[PDB]
$ cat query_27.txt   # compact mmCIF, N, CA and C atoms
# COMPACT_ATOMS: atom_id res chain seq x y z
N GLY A 1 119.36 314.30 101.06
CA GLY A 1 119.77 313.42 99.99
C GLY A 1 118.60 313.10 99.07
N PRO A 2 118.83 312.21 98.09
CA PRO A 2 117.83 311.82 97.10
C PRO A 2 116.51 311.35 97.71
N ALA A 3 116.58 310.54 98.75
CA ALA A 3 115.36 309.98 99.31
C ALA A 3 114.53 311.08 99.94
N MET A 4 115.15 311.94 100.72
CA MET A 4 114.43 313.07 101.27
C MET A 4 113.85 313.98 100.18
N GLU A 5 114.62 314.23 99.12
CA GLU A 5 114.15 315.09 98.06
C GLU A 5 112.92 314.50 97.38
N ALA A 6 112.92 313.19 97.22
CA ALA A 6 111.80 312.54 96.56
C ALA A 6 110.54 312.66 97.38
N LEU A 7 110.68 312.40 98.68
CA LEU A 7 109.56 312.49 99.60
C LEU A 7 109.03 313.90 99.71
N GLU A 8 109.91 314.90 99.71
CA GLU A 8 109.49 316.29 99.78
C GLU A 8 108.67 316.68 98.56
N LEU A 9 109.06 316.21 97.39
CA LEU A 9 108.30 316.46 96.19
C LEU A 9 106.92 315.83 96.26
N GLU A 10 106.88 314.60 96.74
CA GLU A 10 105.61 313.89 96.84
C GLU A 10 104.73 314.63 97.80
N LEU A 11 105.31 315.09 98.90
CA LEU A 11 104.51 315.86 99.85
C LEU A 11 103.94 317.15 99.23
N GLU A 12 104.74 317.85 98.44
CA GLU A 12 104.25 319.05 97.79
C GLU A 12 103.11 318.76 96.82
N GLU A 13 103.20 317.65 96.11
CA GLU A 13 102.13 317.24 95.21
C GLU A 13 100.84 316.97 95.94
N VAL A 14 100.92 316.19 97.00
CA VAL A 14 99.73 315.79 97.71
C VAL A 14 99.07 317.00 98.33
N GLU A 15 99.87 317.91 98.86
CA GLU A 15 99.33 319.16 99.43
C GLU A 15 98.59 319.99 98.40
N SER A 16 99.16 320.15 97.22
CA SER A 16 98.49 320.84 96.13
C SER A 16 97.19 320.17 95.69
N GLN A 17 97.17 318.84 95.63
CA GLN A 17 95.97 318.10 95.24
C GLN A 17 94.88 318.27 96.29
N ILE A 18 95.27 318.25 97.56
CA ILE A 18 94.29 318.47 98.63
C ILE A 18 93.73 319.87 98.51
N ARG A 19 94.57 320.86 98.24
CA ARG A 19 94.07 322.24 98.21
C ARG A 19 93.04 322.39 97.12
N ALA A 20 93.29 321.76 95.99
CA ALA A 20 92.37 321.78 94.85
C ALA A 20 91.03 321.12 95.16
N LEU A 21 91.07 319.97 95.86
CA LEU A 21 89.87 319.27 96.25
C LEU A 21 89.07 320.06 97.24
N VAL A 22 89.77 320.78 98.13
CA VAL A 22 89.09 321.60 99.11
C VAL A 22 88.39 322.76 98.45
N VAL A 23 89.01 323.37 97.43
CA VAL A 23 88.31 324.41 96.65
C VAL A 23 87.06 323.86 95.98
N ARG A 24 87.15 322.65 95.44
CA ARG A 24 86.02 322.00 94.81
C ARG A 24 84.91 321.73 95.83
N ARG A 25 85.28 321.23 97.00
CA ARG A 25 84.35 320.96 98.06
C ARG A 25 83.65 322.25 98.44
N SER A 26 84.38 323.36 98.56
CA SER A 26 83.72 324.60 98.95
C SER A 26 82.73 325.03 97.90
N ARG A 27 83.08 324.84 96.63
CA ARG A 27 82.22 325.25 95.54
C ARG A 27 80.96 324.39 95.51
N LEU A 28 81.12 323.09 95.73
CA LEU A 28 79.97 322.20 95.72
C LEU A 28 79.05 322.50 96.90
N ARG A 29 79.62 322.74 98.08
CA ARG A 29 78.79 323.14 99.22
C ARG A 29 78.03 324.42 98.91
N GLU A 30 78.66 325.41 98.27
CA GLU A 30 77.93 326.63 97.93
C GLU A 30 76.73 326.32 97.02
N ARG A 31 76.95 325.44 96.08
CA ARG A 31 75.91 325.10 95.15
C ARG A 31 74.78 324.36 95.81
N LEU A 32 75.15 323.51 96.75
CA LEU A 32 74.17 322.71 97.46
C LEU A 32 73.19 323.65 98.14
N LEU A 33 73.69 324.78 98.62
CA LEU A 33 72.85 325.73 99.31
C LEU A 33 72.00 326.59 98.34
N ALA A 34 72.20 326.39 97.04
CA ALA A 34 71.57 327.21 95.98
C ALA A 34 70.49 326.48 95.19
N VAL A 35 70.20 325.25 95.58
CA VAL A 35 69.16 324.49 94.89
C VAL A 35 68.05 324.20 95.90
N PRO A 36 66.86 323.81 95.41
CA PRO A 36 65.81 323.43 96.36
C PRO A 36 66.21 322.25 97.24
N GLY B 1 65.63 317.57 96.10
CA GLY B 1 65.29 317.02 94.80
C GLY B 1 66.54 316.47 94.13
N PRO B 2 66.46 316.17 92.83
CA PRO B 2 67.57 315.58 92.07
C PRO B 2 68.85 316.43 92.07
N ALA B 3 68.73 317.74 92.06
CA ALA B 3 69.96 318.54 92.03
C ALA B 3 70.71 318.42 93.33
N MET B 4 69.97 318.44 94.44
CA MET B 4 70.61 318.29 95.74
C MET B 4 71.22 316.90 95.84
N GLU B 5 70.52 315.88 95.35
CA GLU B 5 71.04 314.52 95.43
C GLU B 5 72.34 314.35 94.66
N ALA B 6 72.43 315.00 93.51
CA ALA B 6 73.62 314.96 92.69
C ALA B 6 74.80 315.64 93.37
N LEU B 7 74.57 316.83 93.91
CA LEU B 7 75.62 317.55 94.60
C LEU B 7 76.10 316.81 95.86
N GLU B 8 75.18 316.15 96.54
CA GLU B 8 75.55 315.42 97.75
C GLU B 8 76.45 314.24 97.38
N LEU B 9 76.16 313.57 96.27
CA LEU B 9 77.04 312.50 95.78
C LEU B 9 78.43 312.99 95.43
N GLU B 10 78.51 314.10 94.71
CA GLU B 10 79.81 314.66 94.36
C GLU B 10 80.56 315.03 95.61
N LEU B 11 79.85 315.58 96.60
CA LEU B 11 80.49 315.93 97.88
C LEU B 11 81.03 314.69 98.62
N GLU B 12 80.29 313.58 98.58
CA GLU B 12 80.80 312.34 99.15
C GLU B 12 82.08 311.85 98.46
N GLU B 13 82.09 311.91 97.14
CA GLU B 13 83.25 311.54 96.34
C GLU B 13 84.46 312.39 96.71
N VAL B 14 84.30 313.70 96.73
CA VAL B 14 85.40 314.60 97.04
C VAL B 14 85.89 314.36 98.44
N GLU B 15 84.98 314.17 99.39
CA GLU B 15 85.43 313.90 100.75
C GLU B 15 86.23 312.62 100.88
N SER B 16 85.83 311.56 100.18
CA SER B 16 86.55 310.29 100.25
C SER B 16 87.96 310.50 99.71
N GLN B 17 88.06 311.24 98.60
CA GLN B 17 89.35 311.53 97.98
C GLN B 17 90.24 312.36 98.91
N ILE B 18 89.65 313.37 99.55
CA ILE B 18 90.40 314.19 100.50
C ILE B 18 90.90 313.34 101.65
N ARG B 19 90.02 312.50 102.19
CA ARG B 19 90.42 311.72 103.34
C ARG B 19 91.62 310.83 102.99
N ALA B 20 91.64 310.25 101.80
CA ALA B 20 92.73 309.36 101.39
C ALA B 20 94.03 310.13 101.21
N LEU B 21 93.92 311.31 100.62
CA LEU B 21 95.08 312.15 100.43
C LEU B 21 95.64 312.67 101.73
N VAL B 22 94.76 312.97 102.69
CA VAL B 22 95.20 313.40 104.03
C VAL B 22 95.98 312.28 104.74
N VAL B 23 95.53 311.02 104.61
CA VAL B 23 96.29 309.90 105.17
C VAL B 23 97.69 309.78 104.55
N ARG B 24 97.76 309.99 103.24
CA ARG B 24 99.05 309.92 102.56
C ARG B 24 99.96 311.05 103.03
N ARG B 25 99.39 312.25 103.11
CA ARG B 25 100.12 313.41 103.60
C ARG B 25 100.74 313.13 104.96
N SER B 26 99.96 312.51 105.85
CA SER B 26 100.43 312.14 107.16
C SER B 26 101.57 311.14 107.11
N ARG B 27 101.44 310.16 106.23
CA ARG B 27 102.47 309.13 106.11
C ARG B 27 103.77 309.73 105.57
N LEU B 28 103.65 310.65 104.63
CA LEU B 28 104.85 311.24 104.04
C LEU B 28 105.51 312.15 105.07
N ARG B 29 104.70 312.94 105.79
CA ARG B 29 105.24 313.86 106.80
C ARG B 29 105.98 313.05 107.88
N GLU B 30 105.37 311.95 108.30
CA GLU B 30 105.99 311.04 109.25
C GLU B 30 107.37 310.58 108.79
N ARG B 31 107.47 310.14 107.54
CA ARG B 31 108.76 309.71 107.01
C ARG B 31 109.80 310.81 107.07
N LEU B 32 109.45 312.00 106.62
CA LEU B 32 110.36 313.14 106.66
C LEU B 32 110.74 313.53 108.10
N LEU B 33 109.79 313.49 109.01
CA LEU B 33 110.09 313.80 110.40
C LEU B 33 110.87 312.65 111.04
N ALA B 34 110.97 311.52 110.36
CA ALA B 34 111.75 310.38 110.86
C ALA B 34 113.21 310.47 110.39
N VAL B 35 113.55 311.58 109.74
CA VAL B 35 114.91 311.87 109.32
C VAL B 35 115.63 312.64 110.42
$ encode --input "query_27.txt" --output "structure tokens"
Amino acid sequence: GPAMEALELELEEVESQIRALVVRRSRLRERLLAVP
Amino acid sequence: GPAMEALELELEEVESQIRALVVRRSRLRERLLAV
């Protein structure tokens, strides 16, 4: 129903935002290893 | 040096954001599994 659909959408959003932050974290860690 | 210090700060910021989003993910999953 509507309530489940709303929650499922919110879950998809949060998962996508986490994936993006994790890519950023990996990139920043790579950089950290590239400076003095 | 300063470049490492800057990257370490950004890494702290990103981690805090991830941790908060992971808690939300858990809460939402819980609700759906409570159906």
$ atom_distance --input "query_27.txt" --atom1 "CA of residue 19 in chain B" --atom2 "atom C of residue 7 in chain B"
16.9 Å
$ interface_residues --input "query_27.txt" --of "chain B" --to "chain A" --cutoff "8 Å" --atoms "all atoms listed in the file" --output "CSV table (one decimal) with N, CA and C atoms, keeping the file's coordinate frame"
chain,number,residue,atom,x,y,z
B,1,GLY,N,65.6,317.6,96.1
B,1,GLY,CA,65.3,317.0,94.8
B,1,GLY,C,66.5,316.5,94.1
B,2,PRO,N,66.5,316.2,92.8
B,2,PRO,CA,67.6,315.6,92.1
B,2,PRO,C,68.8,316.4,92.1
B,3,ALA,N,68.7,317.7,92.1
B,3,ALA,CA,70.0,318.5,92.0
B,3,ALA,C,70.7,318.4,93.3
B,4,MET,N,70.0,318.4,94.4
B,4,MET,CA,70.6,318.3,95.7
B,4,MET,C,71.2,316.9,95.8
B,5,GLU,N,70.5,315.9,95.4
B,5,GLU,CA,71.0,314.5,95.4
B,5,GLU,C,72.3,314.4,94.7
B,7,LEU,N,74.6,316.8,93.9
B,7,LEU,CA,75.6,317.6,94.6
B,7,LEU,C,76.1,316.8,95.9
B,8,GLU,N,75.2,316.2,96.5
B,8,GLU,CA,75.6,315.4,97.8
B,8,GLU,C,76.4,314.2,97.4
B,10,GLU,N,78.5,314.1,94.7
B,10,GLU,CA,79.8,314.7,94.4
B,10,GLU,C,80.6,315.0,95.6
B,11,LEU,N,79.8,315.6,96.6
B,11,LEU,CA,80.5,315.9,97.9
B,11,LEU,C,81.0,314.7,98.6
B,14,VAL,N,84.3,313.7,96.7
B,14,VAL,CA,85.4,314.6,97.0
B,14,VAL,C,85.9,314.4,98.4
B,15,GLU,N,85.0,314.2,99.4
B,15,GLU,CA,85.4,313.9,100.8
B,15,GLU,C,86.2,312.6,100.9
B,17,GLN,N,88.1,311.2,98.6
B,17,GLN,CA,89.4,311.5,98.0
B,17,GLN,C,90.2,312.4,98.9
B,18,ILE,N,89.6,313.4,99.6
B,18,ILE,CA,90.4,314.2,100.5
B,18,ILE,C,90.9,313.3,101.6
B,21,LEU,N,93.9,311.3,100.6
B,21,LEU,CA,95.1,312.2,100.4
B,21,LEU,C,95.6,312.7,101.7
B,22,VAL,N,94.8,313.0,102.7
B,22,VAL,CA,95.2,313.4,104.0
B,22,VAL,C,96.0,312.3,104.7
B,24,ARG,N,97.8,310.0,103.2
B,24,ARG,CA,99.0,309.9,102.6
B,24,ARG,C,100.0,311.0,103.0
B,25,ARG,N,99.4,312.2,103.1
B,25,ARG,CA,100.1,313.4,103.6
B,25,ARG,C,100.7,313.1,105.0
B,28,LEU,N,103.6,310.6,104.6
B,28,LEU,CA,104.8,311.2,104.0
B,28,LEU,C,105.5,312.2,105.1
B,29,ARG,N,104.7,312.9,105.8
B,29,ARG,CA,105.2,313.9,106.8
B,29,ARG,C,106.0,313.0,107.9
B,31,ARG,N,107.5,310.1,107.5
B,31,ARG,CA,108.8,309.7,107.0
B,31,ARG,C,109.8,310.8,107.1
B,32,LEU,N,109.4,312.0,106.6
B,32,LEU,CA,110.4,313.1,106.7
B,32,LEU,C,110.7,313.5,108.1
$ axis_aligned_box --input "query_27.txt" --around "range 28-34 of chain A" --padding-each-side "6 Å" --output "AutoDock Vina command-line options"
--center_x 75.8 --center_y 324.7 --center_z 97.2 --size_x 22.6 --size_y 17.0 --size_z 16.2
$ atom_distance --input "query_27.txt" --atom1 "CA of residue 6 in chain A" --atom2 "atom C of residue 27 in chain B"
12.4 Å
$ atom_distance --input "query_27.txt" --atom1 "atom C of residue 13 in chain B" --atom2 "atom C of residue 9 in chain A"
22.7 Å
$ build_atoms --input "query_27.txt" --residues "range 5-20 of chain A" --atoms "N, CA, C and O atoms" --output "mmCIF file, in the frame of the given file"
data_model
loop_
_atom_site.group_PDB
_atom_site.id
_atom_site.type_symbol
_atom_site.label_atom_id
_atom_site.label_comp_id
_atom_site.auth_asym_id
_atom_site.auth_seq_id
_atom_site.Cartn_x
_atom_site.Cartn_y
_atom_site.Cartn_z
ATOM 1 N N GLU A 5 114.620 314.230 99.120
ATOM 2 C CA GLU A 5 114.150 315.090 98.060
ATOM 3 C C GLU A 5 112.920 314.500 97.380
ATOM 4 O O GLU A 5 111.950 315.208 97.057
ATOM 5 N N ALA A 6 112.920 313.190 97.220
ATOM 6 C CA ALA A 6 111.800 312.540 96.560
ATOM 7 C C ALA A 6 110.540 312.660 97.380
ATOM 8 O O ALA A 6 109.462 312.941 96.850
ATOM 9 N N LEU A 7 110.680 312.400 98.680
ATOM 10 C CA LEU A 7 109.560 312.490 99.600
ATOM 11 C C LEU A 7 109.030 313.900 99.710
ATOM 12 O O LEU A 7 107.811 314.099 99.766
ATOM 13 N N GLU A 8 109.910 314.900 99.710
ATOM 14 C CA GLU A 8 109.490 316.290 99.780
ATOM 15 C C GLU A 8 108.670 316.680 98.560
ATOM 16 O O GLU A 8 107.638 317.373 98.692
ATOM 17 N N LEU A 9 109.060 316.210 97.390
ATOM 18 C CA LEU A 9 108.300 316.460 96.190
ATOM 19 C C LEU A 9 106.920 315.830 96.260
ATOM 20 O O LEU A 9 105.884 316.455 95.906
ATOM 21 N N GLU A 10 106.880 314.600 96.740
ATOM 22 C CA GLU A 10 105.610 313.890 96.840
ATOM 23 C C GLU A 10 104.730 314.630 97.800
ATOM 24 O O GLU A 10 103.490 314.730 97.612
ATOM 25 N N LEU A 11 105.310 315.090 98.900
ATOM 26 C CA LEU A 11 104.510 315.860 99.850
ATOM 27 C C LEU A 11 103.940 317.150 99.230
ATOM 28 O O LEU A 11 102.781 317.507 99.422
ATOM 29 N N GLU A 12 104.740 317.850 98.440
ATOM 30 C CA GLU A 12 104.250 319.050 97.790
ATOM 31 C C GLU A 12 103.110 318.760 96.820
ATOM 32 O O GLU A 12 102.137 319.516 96.743
ATOM 33 N N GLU A 13 103.200 317.650 96.110
ATOM 34 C CA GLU A 13 102.130 317.240 95.210
ATOM 35 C C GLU A 13 100.840 316.970 95.940
ATOM 36 O O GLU A 13 99.780 317.427 95.527
ATOM 37 N N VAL A 14 100.920 316.190 97.000
ATOM 38 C CA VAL A 14 99.730 315.790 97.710
ATOM 39 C C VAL A 14 99.070 317.000 98.330
ATOM 40 O O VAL A 14 97.839 317.130 98.303
ATOM 41 N N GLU A 15 99.870 317.910 98.860
ATOM 42 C CA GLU A 15 99.330 319.160 99.430
ATOM 43 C C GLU A 15 98.590 319.990 98.400
ATOM 44 O O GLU A 15 97.511 320.530 98.678
ATOM 45 N N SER A 16 99.160 320.150 97.220
ATOM 46 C CA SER A 16 98.490 320.840 96.130
ATOM 47 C C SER A 16 97.190 320.170 95.690
ATOM 48 O O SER A 16 96.198 320.868 95.417
ATOM 49 N N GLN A 17 97.170 318.840 95.630
ATOM 50 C CA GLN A 17 95.970 318.100 95.240
ATOM 51 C C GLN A 17 94.880 318.270 96.290
ATOM 52 O O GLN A 17 93.697 318.392 95.966
ATOM 53 N N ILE A 18 95.270 318.250 97.560
ATOM 54 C CA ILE A 18 94.290 318.470 98.630
ATOM 55 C C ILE A 18 93.730 319.870 98.510
ATOM 56 O O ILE A 18 92.522 320.052 98.649
ATOM 57 N N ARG A 19 94.570 320.860 98.240
ATOM 58 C CA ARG A 19 94.070 322.240 98.210
ATOM 59 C C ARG A 19 93.040 322.390 97.120
ATOM 60 O O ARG A 19 92.033 323.042 97.313
ATOM 61 N N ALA A 20 93.290 321.760 95.990
ATOM 62 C CA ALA A 20 92.370 321.780 94.850
ATOM 63 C C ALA A 20 91.030 321.120 95.160
ATOM 64 O O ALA A 20 89.967 321.657 94.783
#
